[PDB]
Amino acid sequence: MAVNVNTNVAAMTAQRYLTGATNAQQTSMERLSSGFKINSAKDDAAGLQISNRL
Amino acid sequence: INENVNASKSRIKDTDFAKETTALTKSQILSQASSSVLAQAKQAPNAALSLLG
């Protein structure tokens with residue numbers, strides 16, 4: 001262990017979890033504005049097919 | 325024949341007020357939901373700004 005200036009691993013961890021939280025926030029906002037849980041097949045493929053057929 | 329023709333024309337052309345009012349209310353609530361979502365989303369660059377410094 002050492003105290004460095006070139007690398008900030010804690011900063012990388014914070015950035016990774018920040019991007020994860022931002023992606024979750026955008027997904028939730030899209031689902032809330034659209035009013036549909038399934039807005040693409042990546043949300044649910046079989047769910048998308050069933051909803052489309054219904 | 326005129327009575328039956330008027331009935332058929334009402335079935336095709338005349339609107340269903342209950343279904344239309346339900347659709348209008350649903351559209352209104354959807355508009356308010358998109359309003360709230362857009363107002364919340366207009367603030368992410370503020371989170372970007374608070375990180376700068």
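The listed protein sequences correspond, in order, to chains g and J. Just so it is clear: in the first sequence, position 36 is 36 by the deposited numbering, and no numbers are missing. So the mapping is simple: the deposited numbering equals the position in the second sequence, first residue as 1, plus 324. The beta-carbon is built from N, C-alpha and C at its ideal position, and this holds for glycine as well.
I'd like to check one pair, residue j with residue i: are the Cβ atoms closer than 8 Å?
{"i": "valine 361 of chain J", "j": "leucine 32 of chain g", "result": "yes"}
{"i": "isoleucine 38 of chain g", "j": "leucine 54 of chain g", "result": "no"}
I believe residue i touches residue j by the beta-carbon criterion, under 8 Å. Please report the beta-carbon distance rounded to the nearest angstrom.
{"i": "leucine 348 of chain J", "j": "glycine 35 of chain g", "result": "About 15 Å separates the two Cβ atoms, so there is no contact after all."}
{"i": "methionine 29 of chain g", "j": "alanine 365 of chain J", "result": "6 Å"}
Between which two residues does the alpha helix (DSSP H) containing residue i stretch?
{"i": "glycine 20 of chain g", "result": "9 to 34"}
Which residue spans inside the segment 331 to 375 of chain J form an unbroken alpha helix (DSSP H) run of at least 4?
Uninterrupted alpha helix (DSSP H) stretches at least 4 residues long and entirely within the segment 331 to 375 of chain J occur at 341 to 365, 368 to 375, given in chain order.
Can you list, in chain order, the residues of the segment 344 to 371 of chain J whose Cβ is nearer than 8 Å to any Cβ on chain g?
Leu354, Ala357, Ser358, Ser360, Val361, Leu362, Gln364, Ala365, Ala368
For the segment 27 to 45 of chain g, enumerate the residues whose C-beta is nearer than 7 Å to any C-beta of chain J, in chain order.
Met29, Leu32, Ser33, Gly35
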